[PDB]
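Below you'll find the structure, written out as structure tokens, and then a few comments.
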């Protein structure tokens, strides 16, 4: 029902766990989350994949539109937020606030 | 939660952060009279 | 291509030995003994003729697959149709930069030779110049004209389906472009 | 164009031409950057990056994927929206405004949000 | 970090991140050279090339071929050197200075002769 | 797998077309730039002759001809490209700029920086030093209208002594199509070179005090035309390099794609024939 494609060239660049957010999906989706998480995170996969498409595109653009620069900085914030060390589980009550 | 985040943000602390004079060249103005 | 796939199905069910791309050994001979029956007969046999247009379908535009390679080696001329040119508006999608015919001028009427003679050269020069379209101000005028001719010839070669033109109308169509009246 | 009418066929063929040209230019843009391209090509790229996202749609079965409800866009509205896009009548909207949006009424409201 | 300690692990992760970003930029580096890269990347590649060359060592075995003697460096000196390299305390030295060194005092001794 | 190599071959084969196109473009533009330089030269040669005949009669006491008693601060102009793909051009300029700054700070002076061209503006914004003023959007075709504003600004900053005790320019001299380098030189104060041996309206002193700023403008203009011609020549060289590098990449990828094609076919055959021999 879904893929958590772990990619070594994301793992090496600090993104741990190394989920390739383009290919990774869950097809049961937000039917398998508590209401708070569906409110807070209800599009986060699409927003990160759009950020990875934009980060690839804008890599060598000398200047960027105001909305583009906002999305590119928001994505770097979300990617830094999703990093997590080994054996540091978060209770769902802590995860909701972290994504909030 | 928003109120707690904004109370906390004021109290956070971020980690905020050989040429040779003989090879240098001179512009000149010429004068067709001998040096004093 | 579905001819060759049917003969592969039959041959494998009969436990004949498979070769490259699972085809039986004789698949070249299967296509050849079909195609080489197309010919023009001499006058002693009544001067009749048969012209073959074999179609084949190529996976992902490769031409190094077994059946393509055989039929390209058997046939006299090869009109490559490319889906990229199809999408870029060139319909029919004839890749005039790679399609060839070994018969050449001997199949054309004199009025077509008198016009089409430079056409392949003009389109080759246009395909070479194509990158300079972005910088056409800085290009020398003597080749800026070649670029503008080439772009008009590429428009002149488009054609709607089910509307074939008789020879006397297409010669006039190519005359417009080649003689520069269209510019 | 004998079946669907010449309006539909023209709009479809213009959109495909634009997306094909954009797929040719991606390999350049990924190395040399969009700033290198001609003004006409750079304009086409800005139209294509919008067209791609306006081909996305919030489907009614994707309620559990996107949380937003689904929408149905009429054939005439589809033809008119893409016709306007290809001529650049929406080039001044921000690139994210088109994504998942559905029809022109929703497009306007989401552009006015941003 | 539990087995080797934080001071080892943090350095190792920083080195791997630098070498990974260099191994990603390799595709452009091969066509356009260093000069096309933005400053945040060109700063990285300059020290990546140094970190990469500095991972070489004159091994005791190779003495029978090169004639240079072998070198042993303790773990602590290795951690200190790569921490300094990643932060940039050696960026001003030429890449050629870094081949087949061993430890930091041998680096200095080599860099003085150039 | 083969599909990535087929894509990468097509990509590289587009990049090879686009770099070869720009190499030919740059080979045209260096001729345009040399034509502009040779069209500008016959003004500068006559302003120089007139300036020397005025200096022959003048007092020679204009501020630009007299050094300060103890200099603390020196203005520098760096000129750079507005577009990428120039290769070493901006790096050579900015390496010479830092080498000049380490001369000045070794003499005791601090540089105050003026920048031409968006590349050097991006460099001096990444390294933390402030720029006093900058100009962009003409390094591909400089016109005298820009050199007027730059020369005005630099001369006003000099004559103020915030103020500066000297003026320097960093640029590149076009020695020949195959050879060029960055150069740094002092524009003010100016040296006076005596050499071996007219009416003036209203006076030689007044004319000389009006002319010197316009001489400084024509010299910065001649430097901007040299910068643009050398930039386009460096672009030509760097684009010929990029084309050769793409051609060698298409070769290597093709040689990989062929080894992959052959291996794929041989594997497919080994699998079929093993299937047959099992029966």
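Residue numbers (the authors' numbering), protein chains in the order written: chain A, 350 to 449; chain B, 500 to 516, 527 to 545; chain C, 275 to 457; chain D, 358 to 471; chain E, 358 to 471; chain F, 4 to 164, 178 to 213, 222 to 303.
Note that CB positions come from ideal geometry on N, CA and C, so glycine has one too.
- Message: List, in chain order, every chain D residue whose beta-carbon is nearer than 8 angstroms to that of residue 420(A).
- Response: The answer, in chain order, is 453.
- residue 261(F) to residue 28(F) span [Cα, whole Å]: Rounded to whole angstroms, residue 261(F) and residue 28(F) show a C-alpha spacing of 12 angstroms.
- Message: Pairs of beta-carbons, one from the stretch 394 to 410 of chain D and one from the stretch 372 to 380 of chain D, closer than 8 angstroms: are there three or more?
- Response: Between the stretch 394 to 410 of chain D and the stretch 372 to 380 of chain D, the count of C-beta pairs closer than 8 angstroms reaches three or more; the two stretches touch.
- Within 7 angstroms, strictly: CB atoms of residue 182(F) and residue 77(F): Their beta carbons are under 7 angstroms apart, which means residue 182(F) touches residue 77(F) by this criterion.
- Find the nearest neighbour of residue 287(C) within the set 298(C), 277(C) and 400(C), judged by alpha-carbon distance. For the residues 298(C), 277(C) and 400(C), the minimum Cα distance to residue 287(C) belongs to 298(C).
- Please report the residue range of the alpha helix (DSSP H) in which residue 80(F) lies. Run containing residue 80(F): none in the alpha helix (DSSP H); it sits in the beta strand (DSSP E), 76 to 82.
- Close beta carbons around residue 371(C), own chain, < 6 angstroms, minus the five adjacent residues each side: Once the five neighbours on either side are set aside, the close Cβ partners of residue 371(C) are 401.
- Listing by chain order, which chain F residues have their CB less than 7 angstroms from the CB of residue 398(D)? Neighbours of residue 398(D) on chain F: none; closest Cβ ~11 angstroms, over 7 angstroms.
- Message: Counting C-beta neighbours from all protein chains within 10 Å, is the total for residue 335(C) 16 or more, i.e. buried, or is it exposed?
- Response: Counting Cβ neighbours within 10 Å, residue 335(C) comes out exposed, since fewer than 16 surround it.
- Query: Per DSSP, which one or two residues make a beta bridge with residue 197(F)?
  - Reply: 189(F).
- With 16 other CB atoms within 10 Å as the buried threshold, where does residue 514(B) fall? Exposed.
- Item | Cβ-Cβ distance between residue 158(F) and residue 137(F) below 7 angstroms | Residue 137(F) sits away from residue 158(F), with the two beta carbons spaced by 7 angstroms or more.
- What is the residue span of the beta strand (DSSP E) that residue 437(A) lies within? Residue 437(A) -> no beta strand (DSSP E), and no H or E assigned at all.
- Message: Could you tell me which whole alpha helix (DSSP H) segments of length 4 or greater appear in the stretch 293 to 358 of chain C?
- Response: Fully contained in the stretch 293 to 358 of chain C are the following alpha helix (DSSP H) runs of length 4 or more, in chain order: 301 to 309 and 340 to 348.
- What does residue 414(A) reach in chain D if we use C-beta pairs closer than 8 angstroms? Within chain D, the residues placing a beta-carbon under 8 angstroms from that of residue 414(A) are 451 and 452, ordered along the chain.
- Message: So the candidates are 372(E), 363(E) and 365(E); which of them puts its Cα closest to the Cα of residue 411(E)?
- Response: When the alpha-carbon of residue 411(E) is set against those of 372(E), 363(E) and 365(E), the nearest one is in 372(E).
- Query: Going by the beta-carbon positions, is the gap between residue 277(F) and residue 8(F) smaller than 7 angstroms?
  - Reply: Yes, these two residues count as a Cβ contact at 7 angstroms.
- Message: Measuring alpha carbon to alpha carbon, tell me which residue in 374(E), 444(E), 413(E) and 434(E) is nearest residue 462(E).
- Response: For the residues 374(E), 444(E), 413(E) and 434(E), the minimum Cα distance to residue 462(E) belongs to 434(E).
- Message: Using a 10 Å radius around the Cβ and a threshold of 16 neighbouring Cβ atoms, would you call residue 394(C) buried or exposed?
- Response: Residue 394(C) is exposed by the Cβ-count criterion.
- Output, in chain order, the set of chain E residues within a Cβ distance shorter than 9 angstroms of residue 21(F). Those do not exist, as residue 21(F) stays about 11 angstroms from chain E at its closest Cβ, beyond 9 angstroms.
- Task: Out of 444(E), 369(E), 465(E) and 460(E), state which residue places its alpha-carbon closest to the alpha-carbon of residue 451(E).
- Result: Looking at the Cα atoms, 465(E) is the closest of the given residues.
- C-alpha gap between residue 397(C) and residue 421(C), whole angstroms: In this structure, the straight-line span from the alpha carbon of residue 397(C) to that of residue 421(C) is close to 9 angstroms.
- For residue 390(A), which residues from the same chain have a beta carbon less than 7 angstroms from its beta carbon, with the 5 sequence-adjacent residues on both sides left out? Hits under 7 angstroms: 448.
- Task: List the endpoints of the continuous alpha helix (DSSP H) containing residue 464(D).
- Result: Residue 464(D) -> alpha helix (DSSP H) spans 461 to 470.
- Message: Could you compute how far the alpha carbon of residue 532(B) sits from the alpha carbon of residue 421(E)?
- Response: Residue 532(B) and residue 421(E): Cα-Cα distance of roughly 47 angstroms.
- Task: Enumerate in chain order the residues of its own chain whose CB-to-CB distance from residue 419(D) is below 8 angstroms, with the five nearest sequence positions on each side excluded.
- Result: Excluding sequence positions up to five before and after residue 419(D), its CB lies within less than 8 angstroms of the CB of 427, all in the same chain and listed in chain order.
- Message: Cβ closer than 8 angstroms: which chain C residues qualify as neighbours of residue 377(D)?
- Response: What residue 377(D) touches in chain C: 358, 361 and 362.
- Query: Residues in its own chain within less than 6 angstroms of residue 258(F) by CB, not counting five upstream and five downstream?
  - Reply: Taken in chain order, the residues that qualify are 89, 90 and 92.
- Cα-Cα separation between residue 208(F) and residue 233(F), rounded to whole angstroms: A straight-line Cα-Cα distance of about 15 angstroms links residue 208(F) and residue 233(F).
- Nearest residue (CA-CA) to residue 391(D), options 61(F), 11(F), 272(F) and 86(F): Checking every option, the nearest Cα to that of residue 391(D) belongs to 86(F).
- Message: Give me the subset of the stretch 396 to 423 of chain D whose CB atoms are less than 7 angstroms from a CB atom of chain C, sorted by chain position.
- Response: If you check each beta-carbon in the stretch 396 to 423 of chain D against every beta-carbon of chain C, the ones closer than 7 angstroms belong to 398.
- Thinking C-beta only, is residue 292(C) closer than 7 angstroms to residue 289(F)? Between residue 289(F) and residue 292(C), the C-beta spacing is not below 7 angstroms.
- Query: Relative to the C-alpha of residue 188(F), which residue among 246(F), 139(F), 250(F) and 226(F) is closest?
  - Reply: Across the set 246(F), 139(F), 250(F) and 226(F), the C-alpha of 250(F) shows the shortest separation from the C-alpha of residue 188(F).
- Beta-carbon separation (whole angstroms), residue 196(F) vs residue 256(F), contact threshold 8 angstroms: The C-beta distance from residue 196(F) to residue 256(F) rounds to 11 angstroms, too long to fall under 8 angstroms, and the pair is not in contact.
- Beta-carbon of residue 363(A) versus every beta-carbon of chain E: anything under 7 angstroms? So, interface residue.
- Message: By the DSSP assignment, the alpha helix (DSSP H) with residue 397(C) in it spans what residues?
- Response: Unbroken alpha helix (DSSP H) run through residue 397(C): 393 to 403.
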